[PDB]
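Colleague: work.cif is reproduced below (mmCIF, N, CA and C atoms).
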data_coords
#
loop_
_atom_site.label_atom_id
_atom_site.label_comp_id
_atom_site.auth_asym_id
_atom_site.auth_seq_id
_atom_site.Cartn_x
_atom_site.Cartn_y
_atom_site.Cartn_z
N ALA Q 2 78.55 129.29 125.97
CA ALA Q 2 78.80 128.15 125.08
C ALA Q 2 80.30 127.90 124.95
N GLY Q 3 81.03 128.76 124.25
CA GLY Q 3 82.46 128.61 123.97
C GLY Q 3 82.73 128.04 122.58
N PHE Q 4 83.89 127.42 122.42
CA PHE Q 4 84.41 127.01 121.12
C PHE Q 4 84.47 125.48 120.92
N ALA Q 5 84.34 124.71 122.00
CA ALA Q 5 84.51 123.26 122.00
C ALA Q 5 83.34 122.46 121.39
N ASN Q 6 82.17 123.06 121.19
CA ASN Q 6 80.96 122.37 120.74
C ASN Q 6 81.10 121.83 119.31
N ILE Q 7 80.79 120.55 119.13
CA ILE Q 7 80.76 119.83 117.85
C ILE Q 7 79.64 118.78 117.91
N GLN Q 8 78.95 118.52 116.81
CA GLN Q 8 77.93 117.48 116.76
C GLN Q 8 78.58 116.08 116.83
N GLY Q 9 78.15 115.22 117.74
CA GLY Q 9 78.67 113.86 117.91
C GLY Q 9 77.73 112.76 117.40
N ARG Q 10 78.18 111.50 117.41
CA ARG Q 10 77.34 110.33 117.11
C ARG Q 10 76.21 110.17 118.12
N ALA Q 11 76.53 110.32 119.40
CA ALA Q 11 75.61 110.17 120.53
C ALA Q 11 74.54 111.26 120.66
N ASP Q 12 74.53 112.27 119.80
CA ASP Q 12 73.53 113.34 119.78
C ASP Q 12 72.27 112.96 119.00
N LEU Q 13 72.32 111.93 118.16
CA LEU Q 13 71.21 111.43 117.35
C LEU Q 13 70.69 110.11 117.94
N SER Q 14 69.38 109.88 117.90
CA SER Q 14 68.78 108.59 118.22
C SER Q 14 69.16 107.52 117.19
N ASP Q 15 69.08 106.26 117.60
CA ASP Q 15 69.34 105.10 116.75
C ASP Q 15 68.44 105.02 115.50
N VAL Q 16 67.27 105.65 115.51
CA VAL Q 16 66.38 105.69 114.35
C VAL Q 16 67.02 106.43 113.18
N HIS Q 17 67.84 107.44 113.47
CA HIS Q 17 68.49 108.28 112.47
C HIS Q 17 69.87 107.79 112.08
N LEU Q 18 70.57 107.07 112.95
CA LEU Q 18 71.82 106.36 112.66
C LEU Q 18 71.63 104.83 112.74
N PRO Q 19 70.81 104.22 111.87
CA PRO Q 19 70.55 102.78 111.93
C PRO Q 19 71.74 101.94 111.44
N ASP Q 20 71.96 100.77 112.03
CA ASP Q 20 72.84 99.75 111.46
C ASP Q 20 72.24 99.20 110.15
N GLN Q 21 73.04 98.92 109.13
CA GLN Q 21 72.54 98.22 107.94
C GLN Q 21 72.35 96.74 108.26
N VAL Q 22 71.19 96.15 107.96
CA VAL Q 22 70.92 94.75 108.28
C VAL Q 22 71.00 93.88 107.04
N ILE Q 23 71.74 92.78 107.13
CA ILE Q 23 71.83 91.74 106.10
C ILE Q 23 70.85 90.63 106.45
N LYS Q 24 69.88 90.35 105.58
CA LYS Q 24 68.69 89.58 105.96
C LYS Q 24 68.93 88.08 106.19
N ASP Q 25 69.81 87.46 105.41
CA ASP Q 25 70.09 86.02 105.45
C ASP Q 25 70.97 85.61 106.63
N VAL Q 26 70.69 84.46 107.25
CA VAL Q 26 71.46 83.95 108.39
C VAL Q 26 72.83 83.43 107.95
N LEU Q 27 73.90 83.83 108.63
CA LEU Q 27 75.22 83.22 108.50
C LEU Q 27 75.21 81.84 109.17
N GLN Q 28 75.22 80.77 108.38
CA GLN Q 28 75.23 79.38 108.84
C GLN Q 28 75.84 78.45 107.77
N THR Q 29 76.45 77.34 108.19
CA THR Q 29 76.82 76.22 107.29
C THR Q 29 75.67 75.21 107.18
N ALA Q 30 75.50 74.58 106.02
CA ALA Q 30 74.40 73.65 105.73
C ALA Q 30 74.35 72.45 106.70
N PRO Q 31 73.17 71.85 106.95
CA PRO Q 31 73.07 70.69 107.82
C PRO Q 31 73.76 69.46 107.19
N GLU Q 32 74.61 68.78 107.96
CA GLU Q 32 75.41 67.66 107.46
C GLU Q 32 74.63 66.34 107.46
N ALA Q 33 74.71 65.56 106.38
CA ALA Q 33 74.06 64.26 106.28
C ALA Q 33 74.73 63.19 107.18
N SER Q 34 73.95 62.22 107.66
CA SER Q 34 74.43 61.11 108.50
C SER Q 34 75.19 60.03 107.72
N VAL Q 35 76.04 59.28 108.42
CA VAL Q 35 76.86 58.20 107.88
C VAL Q 35 76.03 56.93 107.66
N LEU Q 36 75.48 56.31 108.72
CA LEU Q 36 74.86 54.99 108.64
C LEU Q 36 73.62 54.97 107.74
N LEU Q 37 72.78 56.00 107.78
CA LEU Q 37 71.57 56.04 106.94
C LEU Q 37 71.89 56.18 105.44
N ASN Q 38 73.15 56.41 105.05
CA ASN Q 38 73.60 56.43 103.65
C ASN Q 38 74.51 55.26 103.26
N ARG Q 39 75.38 54.76 104.16
CA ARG Q 39 76.26 53.61 103.87
C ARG Q 39 75.57 52.27 104.04
N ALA Q 40 74.82 52.07 105.12
CA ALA Q 40 74.27 50.77 105.49
C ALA Q 40 73.17 50.32 104.54
N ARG Q 41 72.96 49.01 104.42
CA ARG Q 41 71.83 48.44 103.68
C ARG Q 41 70.54 48.75 104.43
N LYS Q 42 69.48 49.15 103.73
CA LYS Q 42 68.21 49.56 104.36
C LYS Q 42 67.07 48.58 104.11
N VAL Q 43 66.41 48.15 105.18
CA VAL Q 43 65.25 47.24 105.16
C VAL Q 43 64.04 47.90 105.82
N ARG Q 44 62.84 47.69 105.29
CA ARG Q 44 61.60 48.05 105.99
C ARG Q 44 61.28 47.02 107.06
N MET Q 45 61.17 47.44 108.31
CA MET Q 45 60.60 46.61 109.37
C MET Q 45 59.08 46.76 109.40
N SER Q 46 58.35 45.68 109.68
CA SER Q 46 56.88 45.65 109.88
C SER Q 46 56.50 45.13 111.26
N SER Q 47 57.45 45.06 112.18
CA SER Q 47 57.30 44.64 113.57
C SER Q 47 58.40 45.27 114.42
N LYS Q 48 58.29 45.26 115.75
CA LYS Q 48 59.35 45.75 116.64
C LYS Q 48 60.62 44.90 116.54
N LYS Q 49 60.51 43.61 116.21
CA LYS Q 49 61.64 42.68 116.10
C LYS Q 49 61.61 41.89 114.80
N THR Q 50 62.80 41.62 114.27
CA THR Q 50 63.04 40.71 113.13
C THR Q 50 63.93 39.56 113.59
N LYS Q 51 63.72 38.37 113.04
CA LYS Q 51 64.46 37.12 113.31
C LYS Q 51 64.98 36.51 112.01
N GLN Q 52 66.18 35.96 112.01
CA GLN Q 52 66.73 35.19 110.89
C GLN Q 52 67.53 33.98 111.41
N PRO Q 53 67.45 32.79 110.79
CA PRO Q 53 68.29 31.65 111.15
C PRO Q 53 69.73 31.82 110.64
N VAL Q 54 70.71 31.30 111.38
CA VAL Q 54 72.13 31.28 110.99
C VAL Q 54 72.73 29.89 111.12
N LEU Q 55 73.57 29.48 110.17
CA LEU Q 55 74.38 28.27 110.31
C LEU Q 55 75.44 28.49 111.38
N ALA Q 56 75.56 27.61 112.37
CA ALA Q 56 76.36 27.87 113.57
C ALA Q 56 77.42 26.79 113.91
N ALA Z 2 147.03 135.61 67.86
CA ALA Z 2 148.47 135.34 67.78
C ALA Z 2 148.78 133.87 68.06
N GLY Z 3 149.97 133.42 67.66
CA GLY Z 3 150.47 132.05 67.84
C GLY Z 3 149.76 130.98 66.99
N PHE Z 4 150.12 129.72 67.23
CA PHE Z 4 149.61 128.56 66.49
C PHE Z 4 148.70 127.65 67.34
N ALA Z 5 148.56 127.92 68.63
CA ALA Z 5 147.97 127.04 69.64
C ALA Z 5 146.43 127.09 69.75
N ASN Z 6 145.75 128.04 69.12
CA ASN Z 6 144.31 128.25 69.28
C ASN Z 6 143.46 127.20 68.55
N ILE Z 7 142.40 126.73 69.18
CA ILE Z 7 141.36 125.85 68.62
C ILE Z 7 140.04 126.09 69.34
N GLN Z 8 138.91 125.83 68.69
CA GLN Z 8 137.57 126.04 69.23
C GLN Z 8 137.15 124.90 70.18
N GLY Z 9 137.13 125.14 71.49
CA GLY Z 9 136.75 124.15 72.51
C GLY Z 9 135.26 124.09 72.84
N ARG Z 10 134.84 123.09 73.64
CA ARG Z 10 133.45 122.96 74.16
C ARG Z 10 133.04 124.15 75.03
N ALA Z 11 133.96 124.62 75.87
CA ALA Z 11 133.75 125.76 76.76
C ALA Z 11 133.61 127.11 76.04
N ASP Z 12 133.94 127.19 74.75
CA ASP Z 12 133.82 128.41 73.96
C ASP Z 12 132.40 128.67 73.43
N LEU Z 13 131.45 127.76 73.60
CA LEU Z 13 130.05 127.93 73.20
C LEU Z 13 129.13 128.02 74.42
N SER Z 14 128.01 128.72 74.29
CA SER Z 14 126.98 128.73 75.33
C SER Z 14 126.21 127.41 75.39
N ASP Z 15 125.60 127.14 76.54
CA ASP Z 15 124.75 125.97 76.75
C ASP Z 15 123.51 125.95 75.85
N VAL Z 16 123.11 127.08 75.29
CA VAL Z 16 122.01 127.20 74.32
C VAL Z 16 122.35 126.50 73.01
N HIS Z 17 123.62 126.51 72.61
CA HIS Z 17 124.06 126.01 71.30
C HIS Z 17 124.55 124.57 71.31
N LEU Z 18 124.93 124.07 72.49
CA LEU Z 18 125.23 122.67 72.78
C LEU Z 18 124.19 122.06 73.74
N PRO Z 19 122.90 121.98 73.36
CA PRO Z 19 121.86 121.49 74.24
C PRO Z 19 121.99 119.98 74.47
N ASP Z 20 121.66 119.50 75.67
CA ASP Z 20 121.36 118.08 75.85
C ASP Z 20 120.03 117.75 75.15
N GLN Z 21 119.96 116.58 74.54
CA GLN Z 21 118.71 116.05 74.02
C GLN Z 21 117.82 115.64 75.20
N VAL Z 22 116.53 115.96 75.21
CA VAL Z 22 115.61 115.56 76.29
C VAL Z 22 114.63 114.50 75.82
N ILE Z 23 114.46 113.45 76.62
CA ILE Z 23 113.41 112.45 76.45
C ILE Z 23 112.27 112.86 77.40
N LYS Z 24 111.09 113.21 76.87
CA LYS Z 24 110.04 113.88 77.66
C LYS Z 24 109.25 112.94 78.57
N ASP Z 25 109.11 111.67 78.22
CA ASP Z 25 108.39 110.67 79.00
C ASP Z 25 109.15 110.27 80.28
N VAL Z 26 108.49 110.26 81.44
CA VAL Z 26 109.11 109.88 82.72
C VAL Z 26 109.40 108.38 82.77
N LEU Z 27 110.60 108.00 83.20
CA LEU Z 27 110.97 106.61 83.46
C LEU Z 27 110.38 106.16 84.80
N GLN Z 28 109.47 105.20 84.75
CA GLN Z 28 108.78 104.63 85.92
C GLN Z 28 108.21 103.23 85.63
N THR Z 29 107.96 102.43 86.66
CA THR Z 29 107.11 101.22 86.56
C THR Z 29 105.66 101.56 86.88
N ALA Z 30 104.71 100.98 86.14
CA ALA Z 30 103.27 101.19 86.29
C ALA Z 30 102.73 100.78 87.67
N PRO Z 31 101.68 101.44 88.20
CA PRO Z 31 101.16 101.18 89.54
C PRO Z 31 100.59 99.77 89.71
N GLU Z 32 100.86 99.17 90.86
CA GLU Z 32 100.39 97.84 91.23
C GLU Z 32 98.97 97.87 91.80
N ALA Z 33 98.23 96.78 91.63
CA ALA Z 33 96.92 96.59 92.24
C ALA Z 33 97.01 96.09 93.69
N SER Z 34 96.02 96.43 94.51
CA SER Z 34 95.86 95.92 95.88
C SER Z 34 95.41 94.45 95.89
N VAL Z 35 95.75 93.73 96.95
CA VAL Z 35 95.33 92.35 97.18
C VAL Z 35 93.86 92.30 97.59
N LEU Z 36 93.49 92.85 98.75
CA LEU Z 36 92.14 92.67 99.28
C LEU Z 36 91.06 93.34 98.42
N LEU Z 37 91.31 94.50 97.81
CA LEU Z 37 90.33 95.13 96.92
C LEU Z 37 90.01 94.31 95.67
N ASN Z 38 90.80 93.30 95.33
CA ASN Z 38 90.55 92.41 94.19
C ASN Z 38 90.18 91.00 94.62
N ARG Z 39 90.79 90.46 95.68
CA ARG Z 39 90.61 89.07 96.10
C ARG Z 39 89.35 88.82 96.95
N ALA Z 40 88.99 89.75 97.83
CA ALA Z 40 87.86 89.64 98.75
C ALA Z 40 86.51 89.80 98.03
N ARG Z 41 85.42 89.35 98.68
CA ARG Z 41 84.05 89.63 98.24
C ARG Z 41 83.65 91.07 98.57
N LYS Z 42 82.97 91.73 97.63
CA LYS Z 42 82.73 93.18 97.65
C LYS Z 42 81.27 93.51 97.96
N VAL Z 43 81.04 94.38 98.94
CA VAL Z 43 79.69 94.84 99.33
C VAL Z 43 79.64 96.36 99.52
N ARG Z 44 78.52 97.00 99.17
CA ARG Z 44 78.31 98.44 99.37
C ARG Z 44 77.66 98.69 100.73
N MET Z 45 78.35 99.41 101.60
CA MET Z 45 77.81 99.86 102.88
C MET Z 45 77.02 101.17 102.74
N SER Z 46 75.93 101.31 103.50
CA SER Z 46 75.09 102.52 103.58
C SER Z 46 75.04 103.16 104.98
N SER Z 47 75.78 102.64 105.94
CA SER Z 47 75.87 103.10 107.32
C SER Z 47 77.26 102.80 107.88
N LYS Z 48 77.69 103.42 108.98
CA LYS Z 48 79.00 103.12 109.60
C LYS Z 48 79.11 101.66 110.04
N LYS Z 49 78.00 101.00 110.37
CA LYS Z 49 77.95 99.60 110.80
C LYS Z 49 76.97 98.76 110.01
N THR Z 50 77.33 97.50 109.83
CA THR Z 50 76.49 96.43 109.28
C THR Z 50 76.28 95.35 110.35
N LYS Z 51 75.07 94.79 110.47
CA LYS Z 51 74.70 93.74 111.43
C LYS Z 51 74.12 92.53 110.69
N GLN Z 52 74.55 91.32 111.01
CA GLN Z 52 74.00 90.08 110.44
C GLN Z 52 73.69 89.03 111.53
N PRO Z 53 72.55 88.30 111.44
CA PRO Z 53 72.23 87.19 112.33
C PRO Z 53 73.04 85.93 112.03
N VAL Z 54 73.37 85.17 113.07
CA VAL Z 54 74.16 83.93 112.98
C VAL Z 54 73.50 82.80 113.77
N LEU Z 55 73.50 81.58 113.24
CA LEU Z 55 73.13 80.39 114.01
C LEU Z 55 74.19 80.12 115.08
N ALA Z 56 73.80 79.88 116.33
CA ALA Z 56 74.74 79.81 117.46
C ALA Z 56 74.60 78.56 118.34
#
Mind turning this structure into structure tokens?
Modeller:
Amino acid sequence: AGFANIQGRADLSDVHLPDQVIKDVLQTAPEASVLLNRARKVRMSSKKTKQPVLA
Amino acid sequence: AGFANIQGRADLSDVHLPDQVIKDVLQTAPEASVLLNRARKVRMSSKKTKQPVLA
């Protein structure tokens, strides 16, 4: 054997030296859109809308 | 003999002419650390911590 022997990290399986886990995801919140909040909103009831204009 | 004699400082022992002692040590009080107060604080239970991230 000799004198150099010491217990190391690599002598144990990962089950006995587990990483601590933080359960929640590190993320920033989903950002809201510009046009769907600034623009005037109308319900469409057809694929196309028509309006007359003075020209 | 003579007229020249007078009692000097050097004619007494240091026991009888003591310096006054102020017992309290002159010092400024210990400062606080920056990161141990400013950062967010968590208790670790293993050499490593692992967290999931949106990527």
Colleague: Please, which residues in chain Q fall within 10 Å of chain Z when counting only C-alpha atoms, and what is the closest atom pair and distance in Å to one decimal for each, ordered by chain then residue number, as CSV?
Modeller:
residue,atom,partner,partner_atom,distance
Q:18,CA,Z:47,CA,7.5
Q:19,CA,Z:47,CA,7.0
Q:20,CA,Z:49,CA,5.2
Q:21,CA,Z:50,CA,4.5
Q:22,CA,Z:51,CA,5.0
Q:23,CA,Z:52,CA,5.1
Q:24,CA,Z:52,CA,7.0
Q:25,CA,Z:53,CA,7.3
Q:26,CA,Z:53,CA,5.2
Q:27,CA,Z:54,CA,4.7
Q:28,CA,Z:55,CA,5.7
Q:29,CA,Z:55,CA,8.7
Colleague: Once chain Z has been least-squares superposed onto chain Q, matching all their Cα atoms in order, can you return it as a short mmCIF file (atom, residue, chain, number, x, y, z; two decimals) with N, CA and C atoms, keeping the file's coordinate frame?
Modeller:
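Full text of part_16.cif as output:
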data_model
loop_
_atom_site.label_atom_id
_atom_site.label_comp_id
_atom_site.auth_asym_id
_atom_site.auth_seq_id
_atom_site.Cartn_x
_atom_site.Cartn_y
_atom_site.Cartn_z
N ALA Z 2 76.50 129.63 122.93
CA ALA Z 2 77.64 130.48 123.29
C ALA Z 2 78.97 129.78 122.99
N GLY Z 3 80.05 130.55 122.91
CA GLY Z 3 81.42 130.08 122.64
C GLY Z 3 81.66 129.57 121.21
N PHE Z 4 82.86 129.03 120.99
CA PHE Z 4 83.32 128.54 119.68
C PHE Z 4 83.47 127.01 119.63
N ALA Z 5 83.30 126.31 120.75
CA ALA Z 5 83.66 124.91 120.96
C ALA Z 5 82.61 123.88 120.49
N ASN Z 6 81.40 124.27 120.14
CA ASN Z 6 80.30 123.35 119.82
C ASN Z 6 80.45 122.69 118.44
N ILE Z 7 80.16 121.41 118.35
CA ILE Z 7 80.07 120.61 117.11
C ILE Z 7 79.09 119.47 117.30
N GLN Z 8 78.47 118.98 116.23
CA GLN Z 8 77.48 117.91 116.26
C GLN Z 8 78.14 116.52 116.37
N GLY Z 9 78.07 115.88 117.54
CA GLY Z 9 78.66 114.55 117.79
C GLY Z 9 77.75 113.36 117.47
N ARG Z 10 78.29 112.13 117.52
CA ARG Z 10 77.51 110.87 117.36
C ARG Z 10 76.44 110.70 118.44
N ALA Z 11 76.78 111.06 119.68
CA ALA Z 11 75.88 110.98 120.83
C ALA Z 11 74.71 111.98 120.78
N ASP Z 12 74.75 112.98 119.89
CA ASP Z 12 73.69 113.96 119.74
C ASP Z 12 72.50 113.48 118.89
N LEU Z 13 72.57 112.31 118.26
CA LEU Z 13 71.48 111.72 117.49
C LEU Z 13 70.92 110.47 118.17
N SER Z 14 69.64 110.17 117.95
CA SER Z 14 69.05 108.91 118.41
C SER Z 14 69.53 107.72 117.59
N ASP Z 15 69.44 106.53 118.18
CA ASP Z 15 69.76 105.27 117.51
C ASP Z 15 68.87 104.97 116.30
N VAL Z 16 67.71 105.60 116.19
CA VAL Z 16 66.80 105.50 115.04
C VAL Z 16 67.43 106.12 113.79
N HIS Z 17 68.22 107.18 113.95
CA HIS Z 17 68.76 107.96 112.83
C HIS Z 17 70.16 107.55 112.39
N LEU Z 18 70.89 106.86 113.27
CA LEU Z 18 72.16 106.19 113.01
C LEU Z 18 72.01 104.66 113.13
N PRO Z 19 71.18 104.00 112.30
CA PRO Z 19 70.94 102.58 112.40
C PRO Z 19 72.17 101.77 111.98
N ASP Z 20 72.43 100.63 112.62
CA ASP Z 20 73.30 99.62 112.03
C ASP Z 20 72.60 98.99 110.81
N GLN Z 21 73.37 98.70 109.77
CA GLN Z 21 72.88 97.92 108.64
C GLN Z 21 72.71 96.47 109.09
N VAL Z 22 71.62 95.79 108.75
CA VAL Z 22 71.41 94.37 109.10
C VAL Z 22 71.51 93.47 107.88
N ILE Z 23 72.25 92.38 108.01
CA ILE Z 23 72.28 91.29 107.03
C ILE Z 23 71.31 90.22 107.56
N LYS Z 24 70.22 89.93 106.84
CA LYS Z 24 69.10 89.14 107.38
C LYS Z 24 69.37 87.63 107.41
N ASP Z 25 70.19 87.10 106.51
CA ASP Z 25 70.53 85.68 106.43
C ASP Z 25 71.45 85.24 107.59
N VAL Z 26 71.13 84.15 108.28
CA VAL Z 26 71.94 83.63 109.39
C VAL Z 26 73.26 83.03 108.88
N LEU Z 27 74.37 83.37 109.51
CA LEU Z 27 75.68 82.76 109.25
C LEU Z 27 75.75 81.39 109.92
N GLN Z 28 75.86 80.34 109.12
CA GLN Z 28 75.93 78.94 109.56
C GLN Z 28 76.57 78.03 108.49
N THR Z 29 77.10 76.88 108.88
CA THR Z 29 77.43 75.77 107.95
C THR Z 29 76.24 74.82 107.81
N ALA Z 30 75.98 74.34 106.59
CA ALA Z 30 74.88 73.43 106.26
C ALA Z 30 74.96 72.08 107.00
N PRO Z 31 73.82 71.43 107.33
CA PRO Z 31 73.80 70.20 108.11
C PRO Z 31 74.49 69.02 107.41
N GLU Z 32 75.22 68.24 108.19
CA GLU Z 32 75.94 67.05 107.73
C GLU Z 32 75.03 65.82 107.67
N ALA Z 33 75.33 64.89 106.77
CA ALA Z 33 74.66 63.60 106.69
C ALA Z 33 75.23 62.57 107.68
N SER Z 34 74.40 61.63 108.13
CA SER Z 34 74.81 60.49 108.96
C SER Z 34 75.60 59.45 108.15
N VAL Z 35 76.46 58.70 108.83
CA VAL Z 35 77.23 57.61 108.25
C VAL Z 35 76.34 56.39 108.00
N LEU Z 36 75.79 55.77 109.05
CA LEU Z 36 75.08 54.50 108.89
C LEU Z 36 73.79 54.63 108.08
N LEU Z 37 73.03 55.72 108.19
CA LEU Z 37 71.83 55.92 107.37
C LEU Z 37 72.11 56.01 105.87
N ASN Z 38 73.35 56.21 105.45
CA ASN Z 38 73.74 56.25 104.03
C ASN Z 38 74.59 55.06 103.62
N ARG Z 39 75.49 54.57 104.48
CA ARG Z 39 76.45 53.52 104.14
C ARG Z 39 75.88 52.09 104.25
N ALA Z 40 75.03 51.82 105.24
CA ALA Z 40 74.45 50.51 105.51
C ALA Z 40 73.37 50.12 104.49
N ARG Z 41 73.05 48.82 104.41
CA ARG Z 41 71.89 48.33 103.65
C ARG Z 41 70.59 48.60 104.40
N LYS Z 42 69.56 49.03 103.67
CA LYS Z 42 68.32 49.60 104.24
C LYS Z 42 67.14 48.64 104.08
N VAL Z 43 66.43 48.37 105.18
CA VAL Z 43 65.24 47.50 105.19
C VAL Z 43 64.09 48.12 105.99
N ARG Z 44 62.84 47.92 105.57
CA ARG Z 44 61.65 48.40 106.28
C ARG Z 44 61.16 47.32 107.26
N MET Z 45 61.17 47.63 108.54
CA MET Z 45 60.60 46.78 109.58
C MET Z 45 59.09 47.01 109.74
N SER Z 46 58.33 45.94 110.01
CA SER Z 46 56.88 45.96 110.29
C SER Z 46 56.51 45.44 111.70
N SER Z 47 57.48 45.11 112.53
CA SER Z 47 57.32 44.61 113.89
C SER Z 47 58.52 45.04 114.74
N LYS Z 48 58.45 45.00 116.07
CA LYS Z 48 59.60 45.34 116.94
C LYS Z 48 60.80 44.43 116.69
N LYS Z 49 60.58 43.19 116.25
CA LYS Z 49 61.63 42.21 115.97
C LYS Z 49 61.53 41.60 114.59
N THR Z 50 62.69 41.30 114.02
CA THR Z 50 62.88 40.54 112.78
C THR Z 50 63.65 39.24 113.10
N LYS Z 51 63.27 38.11 112.50
CA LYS Z 51 63.90 36.79 112.68
C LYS Z 51 64.35 36.23 111.32
N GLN Z 52 65.56 35.72 111.21
CA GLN Z 52 66.06 35.06 109.99
C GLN Z 52 66.74 33.71 110.30
N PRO Z 53 66.52 32.66 109.48
CA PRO Z 53 67.22 31.38 109.59
C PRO Z 53 68.67 31.44 109.10
N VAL Z 54 69.55 30.68 109.74
CA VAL Z 54 70.99 30.62 109.42
C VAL Z 54 71.46 29.17 109.31
N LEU Z 55 72.32 28.86 108.34
CA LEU Z 55 73.03 27.58 108.31
C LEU Z 55 74.04 27.52 109.46
N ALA Z 56 74.08 26.43 110.23
CA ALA Z 56 74.86 26.36 111.47
C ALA Z 56 75.78 25.13 111.59
#
Colleague: Quote the spacing between atom CA of residue 43 of chain Z and atom CA of residue 30 of chain Q in Å to one decimal place.
Modeller: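 Calculated distance between atom CA of residue 43 of chain Z and atom CA of residue 30 of chain Q is 22.8 Å.
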Colleague: Pull the helix (DSSP H, G or I) assignments for chain Z out of DSSP run on the backbone, and list those residues as a VMD selection string.
Modeller: chain Z and resid 10 to 12 36 to 39
Colleague: In Å to one decimal, how far is atom CA of residue 31 of chain Q from atom CA of residue 41 of chain Z?
Modeller: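 If I compute the distance from atom CA of residue 41 of chain Z to atom CA of residue 31 of chain Q, I get 23.9 Å.
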